[PDB]
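Okay, structure first, notes after.
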2 protein chains.
Amino acid sequence: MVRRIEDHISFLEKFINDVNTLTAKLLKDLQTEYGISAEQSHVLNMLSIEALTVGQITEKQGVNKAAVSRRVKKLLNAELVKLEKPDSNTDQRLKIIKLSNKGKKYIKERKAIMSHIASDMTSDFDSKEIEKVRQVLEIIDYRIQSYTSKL
Amino acid sequence: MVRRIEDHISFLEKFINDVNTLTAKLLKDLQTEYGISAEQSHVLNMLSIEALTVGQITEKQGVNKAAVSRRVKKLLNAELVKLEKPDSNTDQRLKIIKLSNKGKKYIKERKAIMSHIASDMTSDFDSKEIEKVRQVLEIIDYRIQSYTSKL
DNA sequence: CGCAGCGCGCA
């Protein structure tokens with residue numbers, strides 16, 4: 001079973017980006033309606049989970065110092081993302097940012113489009129068998145977290 | 001039951017990002033040891049599944065037609081990744097970008113890497129309770145591959 | 001403190 005998991009990891013690595021490629025194509029309309037960019041829906045999304053700093057966002061994907069700040073430099077500018085303390089400076093390491101009601105009603109319009117196409121894709125399933133999936137994926141998740149802590 | 005389906009996608013959303021971050025904060029190993037920008041790494045993941053062209057490579061994301069072109073040439077004018085016809089001006093239609101020896105030699109390294117971790121991570125499971133999960137997963141992925149046809 | 005607004009059809 002040493003060649004087995006290399007597959008289950010290869011599949012996920014497949015099923016994963018087939019969820020990625022989809023999202024983007026399936027969403028492009030509301031990213032031209034809201035005028036952003038993929039590499040921004042993926043940035044918005046992360047705070048649609050809960051508030052983050054710019055220093056907190058960088059570690060997650062690419063360790064781009066401020067090449068990712070030119071990507072939040074637009075985000076705020078388009079009203080979407082809003083600030084920490086309306087007190088004025090030129091400080092960027094201080095502030096923490098969250099989504100404004102505009103980057104929030106984007107999200108309502110986002111998790112409505114997927115909370116359609118997937119509600120379909122799965123409308124025929126056993127729940128006492130889709131939980132038995134959720135669960136297993138909760139663990140491998142949890143684990144993945146109590147390891148996204150350590151080394 | 002009309003909503004329960006919701007948390008699942010967000011969860012599945014969440015879940016990748018985690019998986020997405022672990023691979024990154026974990027492959028930042030061989031990434032620099034091959035002198036490659038992180039997201040480039042991503043580009044290679046598909047080319048690993050089959051033969052492919054720049055147009056195709058942009059299909060799994062957004063309008064990065066001359067935006068993911070640097071990305072590929074940064075894997076051409078920089079190591080790994082072959083080209084199709086060792087000489088080509090700029091016409092990317094006669095260009096069919098494949099993989100060089102190390103094009104696997106990297107995927108071959110990275111894979112067994114992100115694997116021992118997934119070998120560890122899951123090891124108290126009877127192959128049976130993972131398998132099930134793999135199936136419902138294989139399905140939801142099929143349904144995606146198809147519904148990724150019309151547009 | 002490494003780039004952004006462009007190859008919608010081209011035999």
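The way I read the labels, and the way they are meant: chains A, B, ... in the order of the structure tokens, residue 1 as the first residue of every chain, and ligand 1 as the first ligand shown, with later ones counted on from there.
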Close residues, residue 4 in chain C itself excluded, 10 Å, only C-alpha atoms (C1' of nucleotides), min 4 positions apart in chain, as a ChimeraX atom specification: /A:70-71 /B:67
Got time to write the residues from that selection, C-alpha atoms, as a PDB file, in the first residue's frame?
ATOM      1  CA  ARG A  70      -0.486  45.721  -4.714  1.00  0.00           C
ATOM      2  CA  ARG A  71      -3.328  43.170  -4.756  1.00  0.00           C
TER       3      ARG A  71
ATOM      4  CA  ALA B  67      -0.427  36.689 -18.119  1.00  0.00           C
TER       5      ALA B  67
END
Contact residues around residue 37 in chain A with only C-alpha atoms (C1' of nucleotides) at 12 Å, ignoring same-chain residues under 3 positions, as a ChimeraX atom specification: /A:24-25,27-34,40-44,71-72,74-75,78 /B:61-64 /C:4-5
Next, dump the selected residues to file, keeping only N, CA and C atoms (P, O5', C5', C4', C3', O3' and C1' of nucleotides), as a PDB file, in the first residue's frame.
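Below is the file part02.pdb, written as the result:
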ATOM      1  N   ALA A  24     -13.717  29.377 -11.018  1.00  0.00           N
ATOM      2  CA  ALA A  24     -13.328  30.510 -11.857  1.00  0.00           C
ATOM      3  C   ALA A  24     -14.200  30.711 -13.112  1.00  0.00           C
ATOM      4  N   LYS A  25     -14.370  29.663 -13.917  1.00  0.00           N
ATOM      5  CA  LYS A  25     -15.178  29.772 -15.127  1.00  0.00           C
ATOM      6  C   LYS A  25     -16.640  30.039 -14.769  1.00  0.00           C
ATOM      7  N   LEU A  27     -17.691  31.473 -12.319  1.00  0.00           N
ATOM      8  CA  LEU A  27     -17.851  32.723 -11.574  1.00  0.00           C
ATOM      9  C   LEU A  27     -17.413  33.958 -12.347  1.00  0.00           C
ATOM     10  N   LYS A  28     -16.594  33.765 -13.370  1.00  0.00           N
ATOM     11  CA  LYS A  28     -16.066  34.881 -14.137  1.00  0.00           C
ATOM     12  C   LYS A  28     -17.068  36.003 -14.392  1.00  0.00           C
ATOM     13  N   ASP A  29     -18.325  35.647 -14.611  1.00  0.00           N
ATOM     14  CA  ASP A  29     -19.370  36.638 -14.854  1.00  0.00           C
ATOM     15  C   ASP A  29     -19.477  37.646 -13.704  1.00  0.00           C
ATOM     16  N   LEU A  30     -19.545  37.156 -12.468  1.00  0.00           N
ATOM     17  CA  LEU A  30     -19.623  38.015 -11.286  1.00  0.00           C
ATOM     18  C   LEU A  30     -18.254  38.508 -10.791  1.00  0.00           C
ATOM     19  N   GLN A  31     -17.257  38.512 -11.671  1.00  0.00           N
ATOM     20  CA  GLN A  31     -15.943  39.054 -11.352  1.00  0.00           C
ATOM     21  C   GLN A  31     -15.619  40.020 -12.470  1.00  0.00           C
ATOM     22  N   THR A  32     -16.623  40.219 -13.315  1.00  0.00           N
ATOM     23  CA  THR A  32     -16.607  41.190 -14.403  1.00  0.00           C
ATOM     24  C   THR A  32     -17.858  42.062 -14.130  1.00  0.00           C
ATOM     25  N   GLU A  33     -18.781  41.526 -13.323  1.00  0.00           N
ATOM     26  CA  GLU A  33     -19.911  42.301 -12.808  1.00  0.00           C
ATOM     27  C   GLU A  33     -19.302  43.155 -11.635  1.00  0.00           C
ATOM     28  N   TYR A  34     -18.446  42.546 -10.807  1.00  0.00           N
ATOM     29  CA  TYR A  34     -17.827  43.244  -9.674  1.00  0.00           C
ATOM     30  C   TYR A  34     -16.417  43.762  -9.966  1.00  0.00           C
ATOM     31  N   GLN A  40      -8.123  37.424  -6.697  1.00  0.00           N
ATOM     32  CA  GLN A  40      -8.694  38.338  -5.744  1.00  0.00           C
ATOM     33  C   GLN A  40      -9.926  37.683  -5.143  1.00  0.00           C
ATOM     34  N   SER A  41     -10.667  36.924  -5.942  1.00  0.00           N
ATOM     35  CA  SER A  41     -11.793  36.187  -5.391  1.00  0.00           C
ATOM     36  C   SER A  41     -11.234  35.203  -4.364  1.00  0.00           C
ATOM     37  N   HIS A  42     -10.063  34.641  -4.672  1.00  0.00           N
ATOM     38  CA  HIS A  42      -9.384  33.706  -3.776  1.00  0.00           C
ATOM     39  C   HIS A  42      -8.877  34.448  -2.537  1.00  0.00           C
ATOM     40  N   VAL A  43      -8.616  35.750  -2.676  1.00  0.00           N
ATOM     41  CA  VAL A  43      -8.186  36.589  -1.555  1.00  0.00           C
ATOM     42  C   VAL A  43      -9.406  37.056  -0.726  1.00  0.00           C
ATOM     43  N   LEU A  44     -10.465  37.474  -1.412  1.00  0.00           N
ATOM     44  CA  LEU A  44     -11.722  37.848  -0.764  1.00  0.00           C
ATOM     45  C   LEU A  44     -12.225  36.668   0.060  1.00  0.00           C
ATOM     46  N   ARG A  71      -2.129  43.934  -4.463  1.00  0.00           N
ATOM     47  CA  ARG A  71      -3.328  43.170  -4.756  1.00  0.00           C
ATOM     48  C   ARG A  71      -4.394  43.404  -3.716  1.00  0.00           C
ATOM     49  N   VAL A  72      -4.016  44.098  -2.654  1.00  0.00           N
ATOM     50  CA  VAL A  72      -4.981  44.495  -1.654  1.00  0.00           C
ATOM     51  C   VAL A  72      -5.057  46.011  -1.789  1.00  0.00           C
ATOM     52  N   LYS A  74      -5.454  47.407  -4.507  1.00  0.00           N
ATOM     53  CA  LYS A  74      -6.607  47.568  -5.372  1.00  0.00           C
ATOM     54  C   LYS A  74      -7.864  47.178  -4.582  1.00  0.00           C
ATOM     55  N   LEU A  75      -7.783  46.079  -3.843  1.00  0.00           N
ATOM     56  CA  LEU A  75      -8.934  45.578  -3.115  1.00  0.00           C
ATOM     57  C   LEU A  75      -9.651  46.640  -2.299  1.00  0.00           C
ATOM     58  N   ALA A  78     -11.278  49.551  -4.442  1.00  0.00           N
ATOM     59  CA  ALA A  78     -12.551  49.242  -5.082  1.00  0.00           C
ATOM     60  C   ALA A  78     -13.673  49.088  -4.054  1.00  0.00           C
TER      61      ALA A  78
ATOM     62  N   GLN B  61      -8.175  28.463 -15.067  1.00  0.00           N
ATOM     63  CA  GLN B  61      -8.143  29.667 -14.236  1.00  0.00           C
ATOM     64  C   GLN B  61      -8.971  30.794 -14.872  1.00  0.00           C
ATOM     65  N   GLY B  62      -8.323  31.938 -15.116  1.00  0.00           N
ATOM     66  CA  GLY B  62      -8.960  33.103 -15.737  1.00  0.00           C
ATOM     67  C   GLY B  62      -8.217  33.614 -16.975  1.00  0.00           C
ATOM     68  N   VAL B  63      -8.654  34.766 -17.502  1.00  0.00           N
ATOM     69  CA  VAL B  63      -8.135  35.370 -18.756  1.00  0.00           C
ATOM     70  C   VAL B  63      -6.624  35.659 -18.880  1.00  0.00           C
ATOM     71  N   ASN B  64      -5.803  34.849 -18.213  1.00  0.00           N
ATOM     72  CA  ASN B  64      -4.351  35.042 -18.172  1.00  0.00           C
ATOM     73  C   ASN B  64      -3.630  34.566 -19.433  1.00  0.00           C
TER      74      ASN B  64
ATOM     75  P    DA C   4       4.392  47.477 -14.558  1.00  0.00           P
ATOM     76  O5'  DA C   4       2.857  47.173 -14.989  1.00  0.00           O
ATOM     77  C5'  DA C   4       1.719  46.991 -14.061  1.00  0.00           C
ATOM     78  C4'  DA C   4       1.075  45.653 -14.364  1.00  0.00           C
ATOM     79  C3'  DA C   4       0.234  45.582 -15.632  1.00  0.00           C
ATOM     80  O3'  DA C   4       0.944  45.625 -16.858  1.00  0.00           O
ATOM     81  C1'  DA C   4      -0.542  44.042 -13.907  1.00  0.00           C
ATOM     82  P    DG C   5       0.627  46.843 -17.886  1.00  0.00           P
ATOM     83  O5'  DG C   5      -0.939  47.126 -17.656  1.00  0.00           O
ATOM     84  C5'  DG C   5      -1.803  47.669 -18.686  1.00  0.00           C
ATOM     85  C4'  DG C   5      -2.877  46.661 -19.031  1.00  0.00           C
ATOM     86  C3'  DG C   5      -3.804  47.129 -20.148  1.00  0.00           C
ATOM     87  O3'  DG C   5      -3.507  46.462 -21.401  1.00  0.00           O
ATOM     88  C1'  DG C   5      -5.101  46.687 -18.078  1.00  0.00           C
TER      89       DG C   5
END
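Of note, CA of residue 26 in chain A and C1' of residue 10 in chain C are spaced 28.8 Å apart.
Between CA of residue 120 in chain B and CA of residue 14 in chain B lies a distance of 21.6 Å.
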Could you please write out, as a VMD selection string, every residue of range 33-79 of chain B that DSSP assigns to alpha helix (DSSP H)? chain B and resid 38 to 47 54 to 59 69 to 73
Those selected residues, please, written with N, CA and C atoms and delivered as a PDB file, in the first residue's frame.
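part.pdb, written as the output of this step:
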ATOM      1  N   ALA B  38       6.461  29.812  -6.436  1.00  0.00           N
ATOM      2  CA  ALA B  38       5.448  28.921  -5.933  1.00  0.00           C
ATOM      3  C   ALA B  38       4.384  28.569  -6.933  1.00  0.00           C
ATOM      4  N   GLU B  39       3.571  29.542  -7.315  1.00  0.00           N
ATOM      5  CA  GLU B  39       2.456  29.221  -8.184  1.00  0.00           C
ATOM      6  C   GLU B  39       2.851  28.580  -9.508  1.00  0.00           C
ATOM      7  N   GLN B  40       4.103  28.770  -9.915  1.00  0.00           N
ATOM      8  CA  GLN B  40       4.590  28.075 -11.098  1.00  0.00           C
ATOM      9  C   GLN B  40       4.305  26.622 -10.763  1.00  0.00           C
ATOM     10  N   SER B  41       4.862  26.139  -9.654  1.00  0.00           N
ATOM     11  CA  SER B  41       4.629  24.768  -9.201  1.00  0.00           C
ATOM     12  C   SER B  41       3.245  24.284  -9.664  1.00  0.00           C
ATOM     13  N   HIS B  42       2.222  25.093  -9.381  1.00  0.00           N
ATOM     14  CA  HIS B  42       0.863  24.736  -9.742  1.00  0.00           C
ATOM     15  C   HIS B  42       0.780  24.370 -11.201  1.00  0.00           C
ATOM     16  N   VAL B  43       1.198  25.292 -12.071  1.00  0.00           N
ATOM     17  CA  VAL B  43       1.213  25.081 -13.535  1.00  0.00           C
ATOM     18  C   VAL B  43       1.618  23.667 -13.957  1.00  0.00           C
ATOM     19  N   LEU B  44       2.631  23.137 -13.282  1.00  0.00           N
ATOM     20  CA  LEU B  44       3.176  21.835 -13.583  1.00  0.00           C
ATOM     21  C   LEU B  44       2.231  20.702 -13.233  1.00  0.00           C
ATOM     22  N   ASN B  45       1.435  20.896 -12.185  1.00  0.00           N
ATOM     23  CA  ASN B  45       0.469  19.874 -11.774  1.00  0.00           C
ATOM     24  C   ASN B  45      -0.391  19.321 -12.926  1.00  0.00           C
ATOM     25  N   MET B  46      -0.923  20.194 -13.778  1.00  0.00           N
ATOM     26  CA  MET B  46      -1.754  19.714 -14.879  1.00  0.00           C
ATOM     27  C   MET B  46      -0.913  18.986 -15.915  1.00  0.00           C
ATOM     28  N   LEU B  47       0.138  19.646 -16.401  1.00  0.00           N
ATOM     29  CA  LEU B  47       1.041  19.081 -17.406  1.00  0.00           C
ATOM     30  C   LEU B  47       1.469  17.682 -17.027  1.00  0.00           C
ATOM     31  N   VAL B  54      -0.496  26.439 -23.930  1.00  0.00           N
ATOM     32  CA  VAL B  54      -0.720  27.636 -23.096  1.00  0.00           C
ATOM     33  C   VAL B  54      -2.167  28.065 -22.981  1.00  0.00           C
ATOM     34  N   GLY B  55      -2.901  27.965 -24.083  1.00  0.00           N
ATOM     35  CA  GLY B  55      -4.322  28.277 -24.057  1.00  0.00           C
ATOM     36  C   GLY B  55      -4.962  27.355 -23.039  1.00  0.00           C
ATOM     37  N   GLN B  56      -4.737  26.060 -23.236  1.00  0.00           N
ATOM     38  CA  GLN B  56      -5.274  25.056 -22.351  1.00  0.00           C
ATOM     39  C   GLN B  56      -4.925  25.429 -20.915  1.00  0.00           C
ATOM     40  N   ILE B  57      -3.662  25.765 -20.665  1.00  0.00           N
ATOM     41  CA  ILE B  57      -3.203  26.064 -19.305  1.00  0.00           C
ATOM     42  C   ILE B  57      -3.917  27.223 -18.633  1.00  0.00           C
ATOM     43  N   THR B  58      -4.489  28.107 -19.436  1.00  0.00           N
ATOM     44  CA  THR B  58      -5.190  29.264 -18.902  1.00  0.00           C
ATOM     45  C   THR B  58      -6.657  28.920 -18.651  1.00  0.00           C
ATOM     46  N   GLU B  59      -7.113  27.840 -19.285  1.00  0.00           N
ATOM     47  CA  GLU B  59      -8.499  27.363 -19.188  1.00  0.00           C
ATOM     48  C   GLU B  59      -8.949  26.978 -17.770  1.00  0.00           C
ATOM     49  N   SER B  69       1.592  33.405 -19.641  1.00  0.00           N
ATOM     50  CA  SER B  69       2.594  33.127 -20.673  1.00  0.00           C
ATOM     51  C   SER B  69       3.998  33.313 -20.099  1.00  0.00           C
ATOM     52  N   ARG B  70       4.177  34.354 -19.284  1.00  0.00           N
ATOM     53  CA  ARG B  70       5.449  34.584 -18.587  1.00  0.00           C
ATOM     54  C   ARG B  70       5.728  33.362 -17.714  1.00  0.00           C
ATOM     55  N   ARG B  71       4.676  32.894 -17.049  1.00  0.00           N
ATOM     56  CA  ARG B  71       4.711  31.744 -16.162  1.00  0.00           C
ATOM     57  C   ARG B  71       5.313  30.539 -16.866  1.00  0.00           C
ATOM     58  N   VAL B  72       4.839  30.263 -18.080  1.00  0.00           N
ATOM     59  CA  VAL B  72       5.322  29.118 -18.855  1.00  0.00           C
ATOM     60  C   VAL B  72       6.733  29.339 -19.390  1.00  0.00           C
ATOM     61  N   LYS B  73       7.005  30.554 -19.843  1.00  0.00           N
ATOM     62  CA  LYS B  73       8.312  30.869 -20.386  1.00  0.00           C
ATOM     63  C   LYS B  73       9.307  30.906 -19.240  1.00  0.00           C
TER      64      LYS B  73
END
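Our summary of the geometry notes that CA of residue 53 in chain A is positioned 5.8 Å from CA of residue 97 in chain A.
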